[PDB]
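Asker: First the structure, which I've put down as structure tokens, then a few questions once you've had a look.
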Amino acid sequence: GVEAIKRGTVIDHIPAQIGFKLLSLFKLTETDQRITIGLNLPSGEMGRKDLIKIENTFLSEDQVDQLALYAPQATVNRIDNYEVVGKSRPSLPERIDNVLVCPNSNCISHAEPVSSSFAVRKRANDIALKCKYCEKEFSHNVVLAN
Amino acid sequence: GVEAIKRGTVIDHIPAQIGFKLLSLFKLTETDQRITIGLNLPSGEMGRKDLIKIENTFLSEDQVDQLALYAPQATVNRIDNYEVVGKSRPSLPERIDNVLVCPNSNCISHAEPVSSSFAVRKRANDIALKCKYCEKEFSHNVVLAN
Amino acid sequence: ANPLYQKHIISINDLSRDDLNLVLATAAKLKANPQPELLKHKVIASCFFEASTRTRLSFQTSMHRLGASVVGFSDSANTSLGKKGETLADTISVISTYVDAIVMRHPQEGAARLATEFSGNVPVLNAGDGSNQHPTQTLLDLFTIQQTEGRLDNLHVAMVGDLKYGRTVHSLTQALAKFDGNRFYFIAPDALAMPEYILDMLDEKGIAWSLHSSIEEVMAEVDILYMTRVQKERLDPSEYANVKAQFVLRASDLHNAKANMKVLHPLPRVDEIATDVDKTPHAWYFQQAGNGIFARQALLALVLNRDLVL
Amino acid sequence: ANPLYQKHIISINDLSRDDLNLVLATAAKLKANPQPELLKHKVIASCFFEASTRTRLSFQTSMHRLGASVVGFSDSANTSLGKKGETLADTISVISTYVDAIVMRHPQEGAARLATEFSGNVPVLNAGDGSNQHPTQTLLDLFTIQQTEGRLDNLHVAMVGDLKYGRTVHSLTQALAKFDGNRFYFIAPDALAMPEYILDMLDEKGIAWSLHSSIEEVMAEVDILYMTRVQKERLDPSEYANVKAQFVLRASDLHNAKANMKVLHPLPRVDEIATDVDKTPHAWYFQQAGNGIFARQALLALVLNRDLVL
Amino acid sequence: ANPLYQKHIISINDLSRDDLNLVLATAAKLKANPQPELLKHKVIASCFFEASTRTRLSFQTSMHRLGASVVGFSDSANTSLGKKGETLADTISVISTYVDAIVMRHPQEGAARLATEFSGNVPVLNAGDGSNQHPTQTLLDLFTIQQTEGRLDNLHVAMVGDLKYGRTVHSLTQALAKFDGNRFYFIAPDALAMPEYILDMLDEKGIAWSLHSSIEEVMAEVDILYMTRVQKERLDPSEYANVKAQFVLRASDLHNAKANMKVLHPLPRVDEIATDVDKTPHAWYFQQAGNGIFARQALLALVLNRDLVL
Ligand SMILES: [Zn+2]
Ligand SMILES: [Zn+2]
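Residue numbers (the entry's author numbering), protein chains in the order written: chain B, 8 to 153; chain D, 8 to 153; chain A, 1 to 310; chain C, 1 to 310; chain C', 1 to 310. A prime marks a further copy of an entry chain.
Shown next as structure tokens:
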């Protein structure tokens, strides 16, 4: 029923359907650690969730906050040698850098060797991202592409 | 059991950094059922293996033939009411349709509405794949280049 | 040192009412009392990767009218970015080792911010980065609005034309949403309407803005009719239905207009402002262009002199 | 009913030793006794999406000598695939609702097998597809070899030129590897070398082949010297070091030639066969080109007539 | 002597209900029993001043199936009208001193009526003139409707696409408005809407028509769905907002289709009919294209034979 973990991080309570979307978006799989992932789990609290346990790995303050963008109800459990030493949780980050691409085709960030960056913004239904460079705000849903 | 399913599939002896491509390729997230994924577990002989556990779901032809061309190590186990009703390893096929993309820039297959198709001569060296259309043969490494 | 010494000028969104007010105050000083040697020994790069008449020439005339030396290019065709393949980042990196300040115009939104990441300690003044922002435009507009209407607070401002791509109206709407009780009228086609993000910013400060399908509908109420050219060059081929000025303004229309009102325009003008407006009391665009010198040279002075001019 | 009746002629690999031999026996026969209404009332499409003088004009004349009607195009420029933007799949679908066999030339490799999948029951005969296959060439090459050598077994055949992009040498080595004891000599610049896929096949069948830097080093031992053209239009940028031909046959070189030896060339030729070779009893490339008429008449006879008695 | 013997076929307006019905009866007949020397000894010109795969290749094959000879050009680029600069009036004057019927395609509207005024006694059959008329299309559309529906009266016909520039829908609404009780549904982007001139006519005859934003809203009620292509080459700059198709038929949409319903399309098609529709028993556009052979053979039979008995 998933696995016992010595020390690390277990992001628990990821909404079923986003667990895989996260292991891809923030390079979690790109490790040499043992990762156990449970896609589609009975939660009660939610009908189904998802769950990732990354052994011998912690997240950072901004790292976890990056998760608010796809998983506010996630819970990052910091574990040290079987004790839940930490119960971390995502606020919106003020900026996500490096993972997204600006929908503006004529933004400089495509042509030049610089990392992306977006100021995040709680608008009034979803979340809005303003590019650093072209300064155009976009719906966060749009950014997550097609 | 090291995890458990009544009916379904458990694939095993996946090379590291192949399990996750496999989740991608056979779209195994388009599923409401339980999945266990053992990223980068051990495998005494070849140290770490990945392991995928699709509960109450089994693989169709095509996927296992691909599996032959992406993971000749893996072994696929038909588990019904927990009993391993069959454990079968893949053998390569004669032809692979609609997933490989032909290496020749000038192959008509690109510009036109046709499903690709490749003939498979297992060479003592490796897997020679021949396009249906341009009749060129390539090294399976040329082709599977992700 | 003064509030903008060594400071980059990339977007109006990074400056305060206080910096704008200092820049116009300095502009009023320098217009009254020139300082010929004020930047005697400074060399400024004048880098235009896009077309220009007004901005590149008033900038290089303001630098010259303060003693500065200008090196640069008006075309990328013959730079190594133009023919040998280098990145903007390596242009900016080598050019930061030669000059004291970089003025740069680019076809890509974000190019001046990109160039601050590599200019080191050298400031980058944005001469227009694509359809994003054009901050020095806005300072000669504000100098001209306050010069004519006496104030920059509680003004009725109608912005007519291409608002989607108007790097000019994007910076000016942001500059004017910082003083009080300014009123907006926005008259565009749908396809080239004002950016949403701008209106949001308006909503939060609770600024009154209102769309309008006619000059005649706002004519009697407004004080500054700021007209814009359709950004022909940036239109998507889907947008080519409206390349000709939907709203064109002839002198007839000024019939029912406020005797303090001024018609402003960034220029180039094409068909939208008919040549008879040129004789009216209301036309002020060639006057606005000349204020480019004082606004532009008040900026240079503050970014490269610690000591505020008097 | 005859074995090639209704067959598609795309690649030499799908043709056997007996299918080839049925073509040459047929060829020799119509060449002895001409059948002017053998195809009286068939209409044939002649679709050339790439340049031709010999393949199309020989094809079209063979069709006329047999009584058929021809419809087609010499360039896609005028078709709706070239201007209204349709797929080649739709092109072949409507053209097979109008005609009795499709003959097509085409720049991408594989387009002939593409057509067959949409041609319904109409036979598609491949006039050449990029650098892949050229079956009907090979049939007129085999007819010309047999005619000069009385055998298609135990020859010494030297292939000189662009063997990488040569669709003609790709088809000819595959048909001659279906006869006994033929020895092969490849003389090509190495970046335009014979594809390993034909080489593996030459090996799996235990046929003897070899590379030679020169034409003087094999002249004495060969029965046929098959010269080719450097496919400029197919070369990649990297290969531009290779447009001018490396090995150029001049009449002096023929000095130690077997008396029976024939110089074959599919043509057009550029600088690689000096015109002084044309006046020797070894040059035979124009006779080879004439032989395109009997081989392509035999191919159309057999694919479109269930039984021939002649 | 038959009523269309020596007639010019330019516009559906000059053709009556009985002329059309004489073509389809003829068509059905040659389709039951082929006449290979019906036009033995006539030479026909095939003048295409604009691109074609179906109209020209079907025309030319019908001419051959009947025994005629064809002469012509697929592009004016090579004619002396395209290089030495002659008028279309002189072109048609000398070509009518050589041939027995002129078939022509042409980019300006009206060029077919132009030709007739200079063709002397030679019949001019219009293969399409810009966005005006396409009579021979309409005759193969009517043959295909009759064949699938057994009636040309009381249909529910939905015309989807570019109806403004569609020469095919302009001719088809004019021929179906000559039969009883046909209901029409137009689904087009409004800047590429049906010309009011056909609409007035639909009104003067008291026929029922209607506009619909969607294909799902009429799918259940239609007998024929006539899909069209966005005539890129005819669009004006203003319409560039309209090159990508608005309404795209996919196989899922056919779910609530009348079982008898046929999807017709003149072709070429771009993105507007997804290829998944091709495998359903509703797609019938390739059968429609095959039916170009019997309708254009019937048209040539009747115009060039004073009486047919068949
Ligand atoms: Zn951006
Ligand atoms: Zn291929």
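Think of the CB as a built atom: it goes at the ideal place given N, C-alpha and C, for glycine as much as any other residue.
1) Taking Cβ-Cβ distances below 8 angstroms as the criterion, which residues of the stretch 10 to 21 of chain A are in contact with chain B?
2) So, is D:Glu144 buried or exposed, given that buried needs 16 or more other C-beta atoms within 10 angstroms?
3) Are A:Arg167 and A:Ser131 close, meaning C-beta to C-beta below 7 angstroms?
4) Can you tell me the Cα-Cα spacing of A:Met261 and A:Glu149, whole angstroms?
5) When you compare the stretch 15 to 33 of chain C' with the stretch 37 to 52 of chain C, are there three or more beta-carbon pairs, one atom per stretch, that lie closer than 8 angstroms?
6) Which residues in the same chain have their Cβ closer than 8 angstroms to the Cβ of C':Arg306, if we skip the five residues on either side of it in sequence?
7) Short check: CB of C':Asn126 to CB of C':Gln137, under 7 angstroms?
8) The alpha helix (DSSP H) with A:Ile92 in it runs from where to where?
9) Given 6 angstroms as the limit, tell me if C':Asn2 has its C-beta closer than that to any heavy atom belonging to ligand 2.
10) Whole angstroms is fine: what's the gap from C':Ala188's alpha carbon to C:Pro135's?
11) Alpha carbon to alpha carbon, how far is B:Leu66 from B:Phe125? Give it in angstroms, no decimals.
12) Mark B:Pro97 as exposed unless 16 or more other C-beta atoms lie within 10 angstroms of its C-beta, in which case mark it buried.
13) Return no unless some Cβ of chain C is closer than 7 angstroms to the Cβ of C':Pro107.
14) Per DSSP, which one or two residues make a beta bridge with B:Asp87?
15) Comparing C-alpha positions only, which one of B:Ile25, B:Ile86, B:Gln40, B:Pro49 sits nearest to B:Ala78?
16) Can you check DSSP and say which residues form a bridge with C:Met227?
17) Determine, for D:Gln40, whether the minimum Cβ-Cβ distance to residues of chain B falls below 7 angstroms.
18) Tell whether a beta-carbon distance below 7 angstroms holds between A:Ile198 and A:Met227.
19) May I have the straight-line CA-CA distance separating A:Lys42 from A:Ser69, to the nearest angstrom?
20) In whole angstroms, what separates the C-alpha of C:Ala111 from that of C:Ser11?
21) With respect to the beta strand (DSSP E) encompassing B:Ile18, which residues constitute its N-terminal and C-terminal limits?
22) Around the C-beta of C':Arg105, are 16 or more other C-beta atoms found within 10 angstroms, so that it is buried, or is it exposed?
23) Write down the C-beta distance between C:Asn78 and C':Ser74 rounded to the nearest angstrom, noting that I regard them as a contact closer than 8 angstroms.
24) So what's A:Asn2 in DSSP terms, helix, strand or just coil?
25) Quick check: is the beta carbon of D:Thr36 nearer than 7 angstroms to any beta carbon in chain B?
26) Kindly list the residues whose CB is nearer than 7 angstroms to the CB of B:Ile103, restricted to its own chain and excluding five residues on each side of it in sequence; keep chain order.
27) Using C-beta distances below 7 angstroms, list every residue in its chain close to C:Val122, excluding the 5 sequence neighbours before and after it, in chain order.
28) Starting from C':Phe286, find everything on chain C with Cβ-Cβ shorter than 8 angstroms and list it in chain order.
29) According to DSSP, is C:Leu310 helix, strand or coil?
30) For the putative contact between B:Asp57 and B:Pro22, defined by C-beta atoms under 8 angstroms, what is the C-beta separation to the nearest angstrom?
31) Please list, in chain order, all residues of the same chain as C':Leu304 whose beta carbon is under 7 angstroms from its beta carbon, the five residues on each side excluded.
32) Name the residues in the stretch 155 to 168 of chain A whose C-beta lies less than 7 angstroms from a C-beta of chain C'; which are they?
33) I'd like the list of long-range same chain contacts for C:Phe247, defined as Cβ closer than 8 angstroms, with 5 residues on each side in sequence excluded.
34) Go through the residues and name those whose CB comes closer than 7 angstroms to any heavy atom of ligand 2, in chain order.
35) Run through the stretch 108 to 183 of chain C' for me and flag every whole beta strand (DSSP E) of 3 or more residues, listed as ranges in chain order.
36) May I ask you to list, following chain order, the residues of the stretch 209 to 241 of chain A that have a beta carbon less than 8 angstroms from some beta carbon of chain C'?
Answerer: Taking the definition as stated:
1) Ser11, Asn13
2) Burial call: buried.
3) yes
4) 8 angstroms
5) These segments do not touch.
6) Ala1, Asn2, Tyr5
7) no
8) 88 to 95
9) No, since every heavy atom of ligand 2 falls outside the 6 angstroms radius drawn around the Cβ of C':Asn2.
10) In a straight line, the C-alpha of C':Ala188 is about 48 angstroms away from that of C:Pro135.
11) Roughly 20 angstroms separates the two Cα atoms.
12) buried
13) no
14) B:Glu90
15) B:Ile25
16) Beta-bridge pairing links C:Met227 to C:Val160.
17) yes
18) Not a contact, by the Cβ cut-off of 7 angstroms.
19) 6 angstroms
20) 12 angstroms
21) Per DSSP, the unbroken beta strand (DSSP E) holding B:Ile18 starts and ends at 15 to 22.
22) buried
23) 4 angstroms
24) coil
25) yes
26) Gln73, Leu76, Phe125, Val127
27) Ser96, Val99, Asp100, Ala101, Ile102
28) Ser93, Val94, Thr97
29) coil
30) 6 angstroms
31) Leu39, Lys42, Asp100, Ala101
32) none
33) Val160, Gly161, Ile187, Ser214, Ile215, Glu272
34) D:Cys109, D:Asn111, D:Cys114, D:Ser116, D:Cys138, D:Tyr140, D:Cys141, D:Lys143, C:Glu109, C:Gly110
35) Complete beta strand (DSSP E) runs here, min 3: 124 to 129, 156 to 160.
36) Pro237, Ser238, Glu239, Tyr240, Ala241
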